[PDB]
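Novice: Below you will find the structure I want to go over with you.
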Amino acid sequence: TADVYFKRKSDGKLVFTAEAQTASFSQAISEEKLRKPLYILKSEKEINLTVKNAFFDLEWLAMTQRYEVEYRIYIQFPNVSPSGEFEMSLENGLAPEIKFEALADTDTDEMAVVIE
Amino acid sequence: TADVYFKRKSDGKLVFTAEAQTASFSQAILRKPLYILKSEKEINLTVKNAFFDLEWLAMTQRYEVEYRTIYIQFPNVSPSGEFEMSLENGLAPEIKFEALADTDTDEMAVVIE
Amino acid sequence: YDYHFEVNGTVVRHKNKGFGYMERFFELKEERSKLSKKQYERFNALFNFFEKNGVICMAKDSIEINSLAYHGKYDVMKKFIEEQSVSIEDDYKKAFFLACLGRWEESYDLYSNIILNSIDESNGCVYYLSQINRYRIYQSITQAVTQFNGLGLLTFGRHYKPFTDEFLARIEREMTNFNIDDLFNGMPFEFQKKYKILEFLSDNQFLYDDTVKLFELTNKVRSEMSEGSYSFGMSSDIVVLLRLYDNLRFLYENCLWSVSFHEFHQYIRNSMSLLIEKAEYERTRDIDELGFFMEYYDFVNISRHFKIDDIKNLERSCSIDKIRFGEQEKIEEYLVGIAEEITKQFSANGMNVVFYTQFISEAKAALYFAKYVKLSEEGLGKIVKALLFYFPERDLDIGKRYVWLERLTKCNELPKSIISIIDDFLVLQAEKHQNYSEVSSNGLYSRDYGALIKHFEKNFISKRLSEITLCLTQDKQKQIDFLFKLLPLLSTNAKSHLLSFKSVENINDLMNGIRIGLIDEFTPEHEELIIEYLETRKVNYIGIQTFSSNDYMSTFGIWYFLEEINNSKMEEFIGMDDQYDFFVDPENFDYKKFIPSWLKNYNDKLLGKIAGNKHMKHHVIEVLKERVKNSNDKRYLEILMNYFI
Amino acid sequence: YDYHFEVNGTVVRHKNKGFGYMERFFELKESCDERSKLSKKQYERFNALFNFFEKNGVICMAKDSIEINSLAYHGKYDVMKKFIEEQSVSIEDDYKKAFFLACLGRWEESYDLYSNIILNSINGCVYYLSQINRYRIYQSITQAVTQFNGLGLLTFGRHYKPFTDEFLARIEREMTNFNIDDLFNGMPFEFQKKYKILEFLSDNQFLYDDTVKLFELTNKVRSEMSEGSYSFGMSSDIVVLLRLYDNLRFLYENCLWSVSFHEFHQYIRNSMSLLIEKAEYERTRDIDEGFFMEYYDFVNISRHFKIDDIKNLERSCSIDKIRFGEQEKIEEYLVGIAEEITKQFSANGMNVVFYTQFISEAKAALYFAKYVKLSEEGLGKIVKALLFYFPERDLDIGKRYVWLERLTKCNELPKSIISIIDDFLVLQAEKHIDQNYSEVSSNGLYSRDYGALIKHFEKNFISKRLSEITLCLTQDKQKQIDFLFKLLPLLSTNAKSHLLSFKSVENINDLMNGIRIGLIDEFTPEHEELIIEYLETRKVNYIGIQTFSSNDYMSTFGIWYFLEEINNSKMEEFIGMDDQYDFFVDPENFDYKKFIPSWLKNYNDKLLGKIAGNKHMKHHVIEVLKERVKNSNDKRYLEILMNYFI
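First to last, the protein sequences are chains E, G, A and B.
Count the first sequence with PDB author numbering and you get residues 8 to 42, 48 to 77, 170 to 176, 191 to 211, 214 to 236, in order.
Count the second sequence with PDB author numbering and you get residues 8 to 36, 41 to 42, 48 to 77, 170 to 177, 191 to 211, 214 to 236, in order.
Count the third sequence with PDB author numbering and you get residues 336 to 365, 369 to 399, 406 to 634, 644 to 786, 789 to 897, 903 to 1005, in order.
Count the fourth sequence with PDB author numbering and you get residues 336 to 399, 406 to 463, 467 to 633, 644 to 897, 903 to 1005, in order.
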């Protein structure tokens, strides 16, 4: 029952807050054939995260009319892309669940930082 | 999609006939001397659309199975009597039976081609 | 729909637009003195109702089922039925108990009389629930009558007719054209306004919502397991458990007969076995860079709502012995109660058929699941005595009953009292042997009981069997060759007396002698007997084929492979069946006929000898690799890792 | 309930106590000598009865392929628009047109058309279905409005408001007090009597019965799979498929909008992915003493499967060994999806309401296209749609590369597709002039991966435009410089030298990029100095909390040391900073209790072989692999175990 804080990457503004529900890090090796030389240690690290009850900041909502995630140990995803996949249900819809995937800039080459 | 005939062991009367629906043959392995190849084999068969013969019914008011497709013969089939009631009324009766093996014969099922 | 109540016990404002009464109510529960006296009393009642039903607090910030039917207190229920019911409320659970002990005619009459007496009902809830339960009892009676006229003839042999034709005709007349779906609509509108939560009980398929929610939760849990994700809040598994317990408690505490139907049984079986599978996955879950234990209630649910085949599937999928079993004293008491009931009913004139059909499926499951629970010597002895002597043989044959007994012995070693009980069982079986045959669906006859006795004692000599053998005469061959399979249990004098009439005439006698240890090396006579049997088998083999499950030929091939047979005449029979050429001439077997399932029958010695051949090891290694990569048996992988056969 | 009709199409006498009318009807149908003795009016009615029974199914009595015809199911988004344009002859033509309007977003127009159809419906079943569909359209409109208000700002970055506030207020006023459950009861008695089969559509949860039946069949199928039993008659898998097709054809053919909701998507995803699991288990059947995907299966998987669902299905069962029939139709469907995406995003944005509904299916179809063989023209169209016009928010650089490389599997990269990759890289380089701009991928794959794919499939490809840009490159634009650095193999020799003029190995990331492209083949003393200096910096920064990131550089250095690529013995000073570095540097004293089995996944043939042949750390890894293979069903740990026996 830990909380995820969404921040706008540029500034300290809070995009929204939610509770971390499911976090999947299915980071393994990719195809071998398609990619004597010095080892590079290729990888296909992926980090998905889901938040159960996310309420968007009122000031951010008013202003709206790159993102960072802080999962509280403390984990931080400097860059996260929220996947906006909307599906409707016959049962009138009420839990707004937000799914986002961690991204990795080429220069930094790091996706998530977990620190005590 | 073959047919199954359930017959009385002694008299040979056909208790009923139905349509074979499922068959599970799962034989697997505390239990220096000569190897005896001890095994614990089980054969279960679930039957569909079983209607009891009028003659045997009126008489009733050991068994054999003959499942003919290529040609299968199960001697000493014990009919399991698990009865459950659905709150939804009922739809055909499903019969399940387990192949039995006599100590002397040691044979549970026979395959005829 | 103003609020949303969740299984955890927290309310969330979902549709309430006006003032939030629950938001203020929870804080008001957490300065209450300013409320009126009547208002204070009503709040006390509301707090008791909410805390008893599990609605604790708001969103921002185990189970105990009290019922004699759930716990199988089949004698306390009888005592309660015997007592004069003071009130209609006490006569509702009394009719439920009457139904729970068979007695469906009495239960139907009692429900009808409750409906008759419920005219002056203050609320009419008892009348509605009695209508539901009477419809359910009529359904059960109809299905039981149909089974008795059908399967009830093959099973039990005879015709039972538990319900008189007059009663059946009367109930059919009363229940004619009774649409249960309309029952809630055909009620006083005050009842419909107040008791809207009971509407779902009316429809003939009222578990569809629960089944659909469990399907969604199962899909979510399986997706989590496949992806390997980690759930943080209340996992879908915990939600499944909470809803399962809520449904069980609501249906049992309110004395609703729909708790005994196949729909609810399957719902509970799927709600469980999804908690168990998820727990097993959690146990065998690899760590990355960045528990569940079964209580008494879980044991009761698995025993009641699981068929033996369902428990077998659960065992196959996940290892249940690695799941720690709690409340083992209560589990042992439950098992002892089941055994006591079975022994009491079948030891004294038998058990009424209507109750037997309901109770045997749960007794078998309880004694099957008793493998993982540790039982005391007294309780274990009671369970064993009930299982062997008094458990009906139409359900547990000799082979399957031995499997039950050995599973019980797994966790708790066989004590002296249990060995005495097994000795009594074997003596009774011997005295049964008349033109009587011991047919077993499992292939594990009474000799396996003696084998278990010897394995757990290695010096046990049964007095009564020895005395019987001393009294054996050549005339009764059935008892002679029954005790021949029990030779290790007999005394030395009994052994000598029995061996007088015991001759190795056919290959079956040789097999029994090898099993009992009388034969340790093949004499030329045994070799000649085996070769002559092979002669006859080949002669009769030579335009339709016949495949049998005797497996004698496989045993001969194994004997040749292990060198226990050193006569080079068996090669003349090569080609009659497979698994014999595999051991006779492994190089020339043409393994395209090889069956991977064979390797499971072999033991450590045979499989090690097969692996060390080095002239047939590579084909079998390929077969094992294919099976391990394709199937999820995990026994093929165990074989491969143990010796890379 | 007088009779029992099941999926295969054979009637069964269930509760008929009087004369058997259905048996006699089938007898008269099969033997048509009698059909003349019938009264002429009765024979004319029997003709229509036979037509209706044969169109739906009901082929004969119990004792004795699916084709769904609808522009909505086939995704004929261009035929549907033309059909909407044409003037409607009849009321049913308006009802189908309103369903099509709802399909192509345009929920305002669909709601208005449904209201008009309700007004003008004075059979009586068209009014019922229009009421249901208008309720569904209102539900979808409300949910989409809520999503755009809350989620839309985050996902798209800008508030959209597809529906005017006046329209939303009007629909809220209209649809209030409209209880869906009572929609059928408040019907003419004749309609209720005749159309009892439509009753299930009235309730707000009409898939509960179908979902429960699918759950029961799934449990049965799983029981057979675990036990290994053999089913002889109509297997539960066939029943599940038949009921899935019945529901799909009934909802789509009758133009019911409930076919677009999450409940039906999940029902279809569970109905499928259970046929697929059972089919995959069928190939692994244990011999003791097939199922293939057609066009309809491909369309169902594309529509009702999320990308994560397809990934899970791939994980559980090897879905590349399943025969994919009707590949011409599948390729036509994929080309239609690609053309629709190109038409949308090539000119003037897109329809946001239609976008939210169609992008999931587009992504699923292009992900699932890995298993189909696509012609060069169709493959080129699909690639161009995926790379140039597919929305950036949906498919990032790494995910888009994964999609393209998956497409490359069945169909090897031709020169036509290589040209599309080349101009995609040229466009990306053009985007690399703003210093703030930087391509970020959730997967961890970038444009260098596209260049590597191009080189792998040609090995002599030279990109004229990227070489031109490199020749134009100057020290001022550093971002273009280091973008072209990772693409050096694509650059020409003159371009190579011109870029290398300003290219220097300043940091460890620069050295790693140089190794990846191929500029570095053996560590010079300067590279070793840089690596050791970075290790000093990391250790100094280490020296009361500990933070572990996902850079993975330390693991790379450890692997280099283990493989003898780096031959300077100063790395042992840093041992203990992070694992997978001690494992390769000093395996003997690693205390493998901290070993992570997942590490073995990242290694390749060379590294895995070296690890296995170490023989001073092979036993611990073999134990880790054995428990991983026993406990888990991954099937990749087993492959590692048996390919090298590590």
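Note that the Cβ used here is the ideal one computed from N, Cα and C, for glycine as well.
Can you tell me the Cα-Cα spacing of B/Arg747 and E/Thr24, whole angstroms?
Specialist: Residue numbering aside, residue 747 of chain B sits at position 393 when the fourth sequence is read from its first letter. Residue numbering aside, residue 24 of chain E sits at position 17 when the first sequence is read from its first letter. Cα to Cα, B/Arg747 sits roughly 21 Å from E/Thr24.
Novice: Spatial neighbours of B/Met913 within its chain, please: CB distance less than 6 Å, with the 5 preceding and 5 following residues excluded, ordered by chain position.
Specialist: Looking up residue 913 of chain B in the fourth sequence gives position 554. Excluding residues within five positions, the ones whose Cβ falls inside 6 Å are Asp937 and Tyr940.
Novice: At which residues does the beta strand (DSSP E) containing E/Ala35 begin and terminate?
Specialist: If you number the first sequence from 1, residue 35 of chain E lands on position 28. Annotation: E/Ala35 is outside any beta strand (DSSP E) and is labelled neither H nor E by DSSP.
Novice: Excluding the 5 residues preceding and the 5 following E/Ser31 in the sequence, name in chain order all residues of the same chain whose CB lies nearer than 7 Å to its CB.
Specialist: Within the first sequence, numbered from 1, the residue matching residue 31 of chain E stands at position 24. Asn60.
Novice: Do B/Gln681 and B/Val726 count as a contact pair if the criterion is CB distance below 8 Å?
Specialist: Here residue 726 of chain B corresponds to residue number 372 of the fourth sequence, with the count starting at 1. Here residue 681 of chain B corresponds to residue number 327 of the fourth sequence, with the count starting at 1. The answer is yes: Cβ separation under 8 Å.
Novice: If you draw a straight line from the C-alpha of A/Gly344 to the C-alpha of A/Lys564, how long is it?
Specialist: As a first step, residue 344 of chain A is located in the third sequence; it is residue number 9 there, counting from the start. As a first step, residue 564 of chain A is located in the third sequence; it is residue number 220 there, counting from the start. Their Cα atoms are separated by approximately 21 Å.
Novice: Run down chain B in chain order and give the residues with a C-beta less than 8 Å from the C-beta of A/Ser670.
Specialist: The residue labelled residue 670 of chain A in the question sits at position 317 within the third sequence. The contact set of A/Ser670 on chain B, defined by CB atoms closer than 8 Å, consists of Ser570 in chain order.
Novice: Give the DSSP bridge partners of E/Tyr171, in chain order.
Specialist: Taking the first residue of the first sequence as 1, we reach residue 171 of chain E at position 67. In the DSSP assignment, E/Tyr171 forms a beta bridge with E/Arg15.
Novice: Got a sec? Which residues, its chain only, sit under 7 Å from A/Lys350 by beta carbon, not counting five neighbours each side?
Specialist: Your numbering for residue 350 of chain A matches position 15 in the third sequence. Counting only Cβ-Cβ distances below 7 Å, and skipping sequence neighbours, we find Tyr336 and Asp337.
Novice: Hey, is B/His810's beta-carbon within less than 8 Å of any beta-carbon in chain G?
Specialist: In the fourth sequence, the residue the question calls residue 810 of chain B occupies position 456. By this cut-off, B/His810 is not an interface position.
Novice: Residues in its own chain within less than 7 Å of B/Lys831 by CB, not counting five upstream and five downstream?
Specialist: Counting from 1 along the fourth sequence, the entry for residue 831 of chain B is found at position 477. Same-chain partners within the cutoff: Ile787.
Novice: I'd like to check one pair, B/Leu761 with B/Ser817: are the Cβ atoms closer than 8 Å?
Specialist: Residue 817 of chain B sits at position 463 when you count from the first residue of the fourth sequence. Residue 761 of chain B sits at position 407 when you count from the first residue of the fourth sequence. Taking 8 Å as the Cβ cut-off, B/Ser817 and B/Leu761 do not qualify as a contacting pair.
Novice: Taking only the alpha-carbon atoms, compute the straight-line gap between A/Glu686 and A/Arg593 and give it to the nearest angstrom.
Specialist: Within the third sequence, the letter at position 333 stands for residue 686 of chain A. Within the third sequence, the letter at position 249 stands for residue 593 of chain A. A/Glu686 and A/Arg593: Cα-Cα distance of roughly 21 Å.
Novice: Rounded to the nearest angstrom, how far is the Cβ of A/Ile459 from that of A/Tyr471, given a contact under 8 Å?
Specialist: Numbered from its first residue, the third sequence carries residue 459 of chain A at position 115. Numbered from its first residue, the third sequence carries residue 471 of chain A at position 127. Contact annotation, A/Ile459 with A/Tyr471: C-beta distance approximately 6 Å; criterion of less than 8 Å satisfied.
Novice: State yes or no: is the C-beta of E/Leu50 within less than 8 Å of the C-beta of B/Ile871?
Specialist: Working through the first sequence from its first residue, we reach residue 50 of chain E at position 38. Working through the fourth sequence from its first residue, we reach residue 871 of chain B at position 517. Contact: no.
Novice: So, using beta-carbon positions, are A/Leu807 and A/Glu759 closer together than 8 Å?
Specialist: By 1-based counting over the third sequence, the position of residue 807 of chain A is 452. By 1-based counting over the third sequence, the position of residue 759 of chain A is 406. Going by beta carbons, A/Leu807 and A/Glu759 fall inside the 8 Å limit.
Novice: So, with DSSP's three-state summary, where would you put A/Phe645?
Specialist: Position 292 of the third sequence, counted from the start, is the residue given in the question as residue 645 of chain A. Three-state DSSP puts A/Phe645 in coil, outside helix and strand.
Novice: Would you tell me roughly how many angstroms separate the C-alpha atoms of A/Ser474 and G/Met206, rounded to the nearest one?
Specialist: Against the third sequence, residue 474 of chain A aligns to sequence position 130. Against the second sequence, residue 206 of chain G aligns to sequence position 85. Near 19 Å, if we compare the C-alpha coordinates of G/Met206 and A/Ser474.
Novice: On the three-state DSSP scale, how would you describe A/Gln428?
Specialist: Within the third sequence, the letter at position 84 stands for residue 428 of chain A. Three-state result, A/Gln428: coil.
Novice: Could you give the uninterrupted runs of the alpha helix (DSSP H) lying entirely in the segment 644–720 of chain A, keeping only those of 4 residues or more?
Specialist: 649–658, 661–670 and 681–700
Novice: Taking only three categories from DSSP, how would you classify A/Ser908?
Specialist: Taking the first residue of the third sequence as 1, we reach residue 908 of chain A at position 548. DSSP places A/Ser908 in the strand class (E or B) of the three-state scheme.
Novice: Considering A/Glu759, what are the terminal residues of the alpha helix (DSSP H) in which it resides?
Specialist: In the third sequence, residue 759 of chain A corresponds to position 406, counting from 1. Where A/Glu759 is concerned, the enclosing alpha helix (DSSP H) stretches over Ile751 to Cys764.
Novice: Provide the residue span of the alpha helix (DSSP H) that contains A/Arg348, from first to last.
Specialist: Counting from 1 along the third sequence, the entry for residue 348 of chain A is found at position 13. Counting along the chain, A/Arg348 falls outside any alpha helix (DSSP H), though it belongs to the beta strand (DSSP E) covering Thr345 to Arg348.
Novice: Using Cβ-Cβ distances below 9 Å, what residues of the segment 531–555 of chain A are close to chain G?
Specialist: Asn548, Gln549, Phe550 and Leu551
Novice: Taking A/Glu426 as the reference, which of A/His415, A/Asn382, A/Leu442 and A/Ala413 has the closest Cα?
Specialist: Start at 1 with the first residue of the third sequence, and residue 426 of chain A comes out as number 82. Among A/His415, A/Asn382, A/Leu442 and A/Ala413, the Cα nearest to that of A/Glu426 belongs to A/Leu442.
Novice: Output the boundary residues of the beta strand (DSSP E) element that contains B/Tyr804.
Specialist: Against the fourth sequence, residue 804 of chain B aligns to sequence position 450. Counting along the chain, B/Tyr804 falls outside any beta strand (DSSP E), though it belongs to the alpha helix (DSSP H) covering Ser801 to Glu812.
Novice: List the endpoints of the continuous beta strand (DSSP E) containing A/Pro879.
Specialist: In the third sequence, counting from the first residue as 1, residue 879 of chain A sits at position 524. Segment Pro879 to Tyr896 is the alpha helix (DSSP H) holding A/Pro879; no beta strand (DSSP E) there.
Novice: Does the beta-carbon of B/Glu624 have 16 or more other beta-carbons within 10 angstroms, so that it is buried, or is it exposed?
Specialist: The residue given as residue 624 of chain B occupies position 280 in the fourth sequence. Buried, since its Cβ has 16 or more Cβ neighbours within 10 Å.
Novice: Pull out every residue of the segment 16–35 of chain E whose Cβ sits closer than 7 Å to any Cβ of chain A, in chain order.
Specialist: Cβ contacts with chain A: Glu26, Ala27, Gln28, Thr29, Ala30, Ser31, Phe32 and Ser33.
Novice: Can you grab the Cα-Cα spacing for the pair G/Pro216 / G/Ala66, in whole Å?
Specialist: Position 93 of the second sequence, counted from the first residue, corresponds to residue 216 of chain G. Position 50 of the second sequence, counted from the first residue, corresponds to residue 66 of chain G. If you take the alpha carbons of G/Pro216 and G/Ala66, they lie about 6 Å apart.
Novice: With a threshold of 8 Å on Cβ separation, who are the neighbours of A/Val983 within its own chain once the five nearest residues in sequence on each side are excluded?
Specialist: Stepping through the third sequence from its first residue, residue 983 of chain A is reached at position 623. Excluding sequence neighbours, A/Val983 sits near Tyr951, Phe954, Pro956 and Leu959.
Novice: For chain A, find out if any of its Cβ atoms is closer than 8 Å to the Cβ of E/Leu214; answer yes or no.
Specialist: For the purposes of this step, residue 214 of chain E is taken as the residue at position 94 of the first sequence. It does: the Cβ of E/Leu214 has a partner Cβ on chain A nearer than 8 Å.
Novice: Note down, in chain order, each residue of its chain lying with its Cβ closer than 7 Å to the Cβ of B/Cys395, except the 5 sequence neighbours on either side.
Specialist: Walking along the fourth sequence from the start, residue 395 of chain B turns up at place 60. Within the same chain, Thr345, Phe361 and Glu365 come within 7 Å of B/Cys395 by CB-CB distance, once the 5 residues on both sides are set aside.
Novice: Restricting to Cα atoms, I'd like to know which of B/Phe708, B/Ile409 and B/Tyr539 is closest to B/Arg447.
Specialist: On the fourth sequence, residue 447 of chain B is found 106 positions in, with the first residue counted as 1. Measuring from the Cα of B/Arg447, the nearest candidate turns out to be B/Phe708.
Novice: If we cut at 8 Å on Cβ distances, does G/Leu53 have a partner in chain A?
Specialist: Within the second sequence, numbered from 1, the residue matching residue 53 of chain G stands at position 37. With 8 Å as the cut-off, G/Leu53 counts as an interface residue toward chain A.
Novice: In or out: B/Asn961 buried (at least 16 other Cβ within 10 Å) or exposed?
Specialist: Numbered from its first residue, the fourth sequence carries residue 961 of chain B at position 602. Buried.
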